[PDB]
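Report on the structure given below.
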Amino acid sequence: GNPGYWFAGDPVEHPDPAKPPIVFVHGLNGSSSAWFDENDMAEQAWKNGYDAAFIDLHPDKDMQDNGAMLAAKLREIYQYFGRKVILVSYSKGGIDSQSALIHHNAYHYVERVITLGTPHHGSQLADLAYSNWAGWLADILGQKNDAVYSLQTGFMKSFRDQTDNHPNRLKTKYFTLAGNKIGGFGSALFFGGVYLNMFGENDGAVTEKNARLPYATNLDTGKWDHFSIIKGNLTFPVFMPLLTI
């Protein structure tokens with residue numbers, strides 16, 4: 001995509017003050033198109049009466065650069081909607097989200113954060129990419145860069161240390177969703193799944209245990225793989241009750 005660029009979705013037919021706008025945050029090596037290409041998430045939000053905005057952050061930069069950018073654009077989005085937004089963030093987007101709120105003081109603009117298959121404790125596949133490059137691994141992760149590097153478990157352990165004890169952490173409600181379904185036969189997540197099976201239950205890219213935050217409302221592991229977890233028809237109804245206050 002185009003980093004820094006954000007746009008609002010179609011205006012809701014029947015607006016509701018009880019329904020905060022949702023800012024959708026993509027993952028690693030992605031863009032706002034993740035919510036639209038072969039995905040009905042944008043439609044799920046709009047048809048259920050939710051206003052929304054979609055942002056392109058860096059597909060190739062770490063949570064610090066993405067956190068700073070996201071925090072900057074959240075100020076503009078807050079001004080656009082005239083109220084606090086909910087973040088629905090996928091994969092690395094969940095980490096960029098926390099960085100924005102905690103380390104870049106974006107908490108002022110956000111009601112709550114819902115993370116979908118975010119490797120909050122790092123990716124063993126990212127560890128593998130920086131030890132053994134696999135052809136199939138490029139399909140799950142994208143090509144090696146600062147963003148993939150920032151997903152290593154060692155790097156994430158350090159991020160966790162500096163974030164989980166920060167005073168700003170307590171100012172926002174966190175919710176996590178995680179999958180236990182490995183990629184279907186013929187998908188790159190089949191390989192990632194059987195590899196991650198050495199570590200535990202996983203969605204083909206992130207282990208269920210690494211997709212959680214100690215202080216978050218950790219929603220019961222669903223039968224989703226890393227790609228199916230962002231499919232609107234599958235997970236929007238699941239986190240829809242959380243889209244309140």
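Labeling convention for the structure tokens: chains A, B, ... as they appear, residues from 1 per chain, ligands from 1 in order of appearance.
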
I need the residues in chain A that are helix (DSSP H, G or I) according to DSSP; give them as a ChimeraX atom specification.
/A:32-35,41-47,63-81,93-103,106-109,124-129,137-141,146-149,153-163,167-171,188-196,209-211,228-230,232-242

Applying 9 Å and only C-alpha atoms, which residues near residue 220 (chain A) remain after dropping the ones on its own chain fewer than 2 positions away? List them as a ChimeraX atom specification.
/A:176-179,218,222

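Among the candidates A:154, A:93, A:122, A:82, the residue lying nearest to residue 109 (chain A) is A:82 (atoms considered: only C-alpha atoms).
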
What lies within 6 Å of residue 96 (chain A) using only C-alpha atoms, ignoring chain neighbours under 5 positions off, as JSON, numbers by chain?
{"A": [63, 66, 67]}

For N, CA and C atoms, I'd like the residues from the last selection saved as a JSON list (two decimals), in the first residue's frame.
[["chain", "number", "residue", "atom", "x", "y", "z"],
["A", 63, "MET", "N", 7.53, -1.92, 14.80],
["A", 63, "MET", "CA", 6.40, -1.40, 15.58],
["A", 63, "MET", "C", 6.64, 0.02, 16.10],
["A", 66, "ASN", "N", 5.90, 2.17, 12.94],
["A", 66, "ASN", "CA", 4.47, 1.99, 12.69],
["A", 66, "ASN", "C", 3.63, 2.55, 13.79],
["A", 67, "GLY", "N", 4.09, 2.41, 15.03],
["A", 67, "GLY", "CA", 3.43, 2.97, 16.20],
["A", 67, "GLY", "C", 3.36, 4.48, 16.14]]

Return as CSV the residues of region 42-129 of chain A lying at most 9 Å from region 145-150 of chain A, together with the closest atom-to-atom pair for each and the distance in Å to one decimal, counting only C-alpha atoms, with rows in chain order and ascending residue number.
residue,atom,partner,partner_atom,distance
A:58,CA,A:147,CA,8.3
A:59,CA,A:147,CA,7.0
A:60,CA,A:147,CA,4.9
A:61,CA,A:147,CA,4.5
A:62,CA,A:147,CA,4.3
A:63,CA,A:150,CA,7.2
A:92,CA,A:147,CA,8.2
A:122,CA,A:150,CA,8.3
A:126,CA,A:148,CA,6.1
A:127,CA,A:149,CA,8.2
A:129,CA,A:148,CA,8.5

Store the residues picked out above, limited to C-alpha atoms, as a CSV table (one decimal), in the first residue's frame.
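Okay, this is what ended up in part_22.csv:
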chain,number,residue,atom,x,y,z
A,58,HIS,CA,4.7,0.5,6.7
A,59,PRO,CA,4.6,-3.1,5.4
A,60,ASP,CA,8.4,-3.3,6.0
A,61,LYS,CA,9.1,-1.2,9.2
A,62,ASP,CA,9.1,-2.1,12.9
A,63,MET,CA,6.4,-1.4,15.6
A,92,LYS,CA,1.8,-7.3,13.5
A,122,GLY,CA,6.9,-13.2,18.8
A,126,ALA,CA,10.2,-15.1,12.1
A,127,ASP,CA,13.0,-16.7,14.2
A,129,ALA,CA,13.4,-16.9,8.7

I need the residue nearest residue 65 (chain A) from this list: A:196, A:138, A:100, A:87. Use only C-alpha atoms for the distance.
A:100

Could you state the separation of CA of residue 229 (chain A) and CA of residue 117 (chain A) in Å, given to one decimal place?
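That distance, rounded to one decimal, is 7.1 Å.
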
Go through A:110, A:8, A:34, A:213 and flag the residue nearest residue 228 (chain A), using only C-alpha atoms for the distances.
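Closest to residue 228 (chain A), using only C-alpha atoms: A:34.
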
Skipping near chain neighbours, those fewer than 4 positions away, what residues fall within 10 Å of residue 238 (chain A) using only C-alpha atoms, listed as a list in words?
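In the requested format, the answer is residues 177, 219, 222, 232, 233, 234 and 242 of chain A.
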
Suppose you want the space between CA of residue 49 (chain A) and CA of residue 2 (chain A); what is it in Å?
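If I compute the distance from CA of residue 49 (chain A) to CA of residue 2 (chain A), I get 27.4 Å.
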
With distances taken over only C-alpha atoms, which residue among A:86, A:55, A:134, A:12 lies nearest residue 111 (chain A)?
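Checking each of A:86, A:55, A:134, A:12 against residue 111 (chain A), counting only C-alpha atoms, the winner is A:86.
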
Pick from A:119, A:17, A:241, A:3, whichever lies nearest to residue 160 (chain A) using only C-alpha atoms
A:119

Report as a count of residues only all protein, DNA and RNA residues lying within 12 Å of residue 159 (chain A), evaluated on only C-alpha atoms, omitting residues in the same chain fewer than 3 positions from it.
25

Name the residues of region 16-204 of chain A that fall into strand (DSSP E or B) according to DSSP on the backbone, using the chain letters and numbers of this document, as a list in words.
residues 22, 23, 24, 25, 52, 53, 54, 55, 85, 86, 87, 88, 89, 90, 110, 111, 112, 113, 114, 115, 116, 173, 174, 175, 176, 177, 179 and 202 of chain A

How would the residues just picked look written out with N, CA and C atoms as a short mmCIF file (atom, residue, chain, number, x, y, z; two decimals), in the first residue's frame?
data_model
loop_
_atom_site.label_atom_id
_atom_site.label_comp_id
_atom_site.auth_asym_id
_atom_site.auth_seq_id
_atom_site.Cartn_x
_atom_site.Cartn_y
_atom_site.Cartn_z
N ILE A 22 -14.64 1.95 13.69
CA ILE A 22 -13.56 0.99 13.78
C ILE A 22 -12.42 1.37 12.84
N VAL A 23 -11.20 1.36 13.36
CA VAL A 23 -10.02 1.55 12.53
C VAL A 23 -9.40 0.17 12.34
N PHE A 24 -9.33 -0.26 11.09
CA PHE A 24 -8.77 -1.55 10.75
C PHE A 24 -7.31 -1.42 10.41
N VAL A 25 -6.48 -2.16 11.17
CA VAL A 25 -5.02 -2.15 11.07
C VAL A 25 -4.44 -3.51 10.55
N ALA A 52 -16.24 3.14 9.70
CA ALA A 52 -14.90 2.60 9.73
C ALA A 52 -13.91 3.43 8.97
N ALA A 53 -12.63 3.20 9.25
CA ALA A 53 -11.50 3.82 8.58
C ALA A 53 -10.46 2.73 8.40
N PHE A 54 -9.68 2.85 7.32
CA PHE A 54 -8.68 1.85 6.98
C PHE A 54 -7.38 2.56 6.74
N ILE A 55 -6.31 2.04 7.36
CA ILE A 55 -5.01 2.68 7.28
C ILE A 55 -3.93 1.75 6.68
N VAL A 85 -12.17 5.83 18.76
CA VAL A 85 -12.34 4.70 17.85
C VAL A 85 -11.93 3.39 18.52
N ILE A 86 -12.34 2.28 17.88
CA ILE A 86 -11.95 0.95 18.31
C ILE A 86 -10.92 0.47 17.30
N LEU A 87 -9.85 -0.15 17.78
CA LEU A 87 -8.88 -0.71 16.83
C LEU A 87 -9.14 -2.21 16.67
N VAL A 88 -9.28 -2.65 15.40
CA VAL A 88 -9.36 -4.07 15.03
C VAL A 88 -8.09 -4.28 14.22
N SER A 89 -7.11 -4.92 14.86
CA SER A 89 -5.78 -5.08 14.32
C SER A 89 -5.34 -6.51 14.13
N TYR A 90 -4.79 -6.79 12.95
CA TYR A 90 -4.35 -8.12 12.56
C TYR A 90 -2.85 -8.31 12.58
N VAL A 110 -8.43 6.21 21.38
CA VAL A 110 -8.91 4.82 21.28
C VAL A 110 -9.64 4.35 22.54
N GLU A 111 -10.83 3.72 22.33
CA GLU A 111 -11.71 3.14 23.37
C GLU A 111 -11.15 1.77 23.83
N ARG A 112 -10.83 0.91 22.82
CA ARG A 112 -10.34 -0.45 23.02
C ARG A 112 -9.71 -1.00 21.76
N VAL A 113 -8.90 -2.04 21.95
CA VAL A 113 -8.13 -2.70 20.91
C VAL A 113 -8.46 -4.17 20.90
N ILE A 114 -8.78 -4.70 19.71
CA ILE A 114 -9.03 -6.11 19.46
C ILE A 114 -7.96 -6.58 18.50
N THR A 115 -7.13 -7.54 18.94
CA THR A 115 -6.06 -8.09 18.11
C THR A 115 -6.44 -9.48 17.59
N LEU A 116 -6.22 -9.71 16.29
CA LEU A 116 -6.51 -10.96 15.61
C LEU A 116 -5.19 -11.62 15.20
N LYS A 173 -8.48 -0.97 27.14
CA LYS A 173 -8.89 -2.37 27.26
C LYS A 173 -8.39 -3.14 26.05
N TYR A 174 -7.76 -4.28 26.28
CA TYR A 174 -7.26 -5.13 25.20
C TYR A 174 -8.03 -6.41 25.12
N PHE A 175 -8.25 -6.89 23.91
CA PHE A 175 -8.95 -8.13 23.61
C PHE A 175 -8.15 -8.86 22.60
N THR A 176 -7.94 -10.16 22.80
CA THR A 176 -7.20 -10.94 21.81
C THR A 176 -8.03 -12.09 21.27
N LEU A 177 -7.87 -12.37 19.99
CA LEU A 177 -8.46 -13.52 19.31
C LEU A 177 -7.28 -14.32 18.78
N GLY A 179 -6.31 -18.37 16.76
CA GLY A 179 -6.76 -19.56 16.06
C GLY A 179 -5.93 -20.78 16.42
N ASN A 202 -1.49 -23.70 17.24
CA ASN A 202 -1.14 -22.53 16.44
C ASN A 202 -2.10 -22.37 15.27
#

Show me, as a list in words, the residues that have an atom within 8 Å of residue 83 (chain A) when counting only C-alpha atoms, minus same-chain residues fewer than 3 positions from it.
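Everything that qualifies: residues 20, 78, 79 and 109 of chain A.
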
Give me a file of those residues, with N, CA and C atoms, as a PDB file, in the first residue's frame.
ATOM      1  N   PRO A  20     -19.053   2.819  18.166  1.00  0.00           N
ATOM      2  CA  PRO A  20     -17.829   3.589  17.841  1.00  0.00           C
ATOM      3  C   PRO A  20     -17.274   3.260  16.469  1.00  0.00           C
ATOM      4  N   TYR A  78      -9.543  10.543  14.816  1.00  0.00           N
ATOM      5  CA  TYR A  78     -10.325  10.970  15.966  1.00  0.00           C
ATOM      6  C   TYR A  78     -11.049  12.270  15.626  1.00  0.00           C
ATOM      7  N   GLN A  79     -10.325  13.207  14.976  1.00  0.00           N
ATOM      8  CA  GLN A  79     -10.878  14.489  14.586  1.00  0.00           C
ATOM      9  C   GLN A  79     -11.936  14.337  13.521  1.00  0.00           C
ATOM     10  N   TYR A 109      -7.237   8.657  21.808  1.00  0.00           N
ATOM     11  CA  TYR A 109      -8.102   8.531  20.631  1.00  0.00           C
ATOM     12  C   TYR A 109      -8.795   7.180  20.507  1.00  0.00           C
TER      13      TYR A 109
END
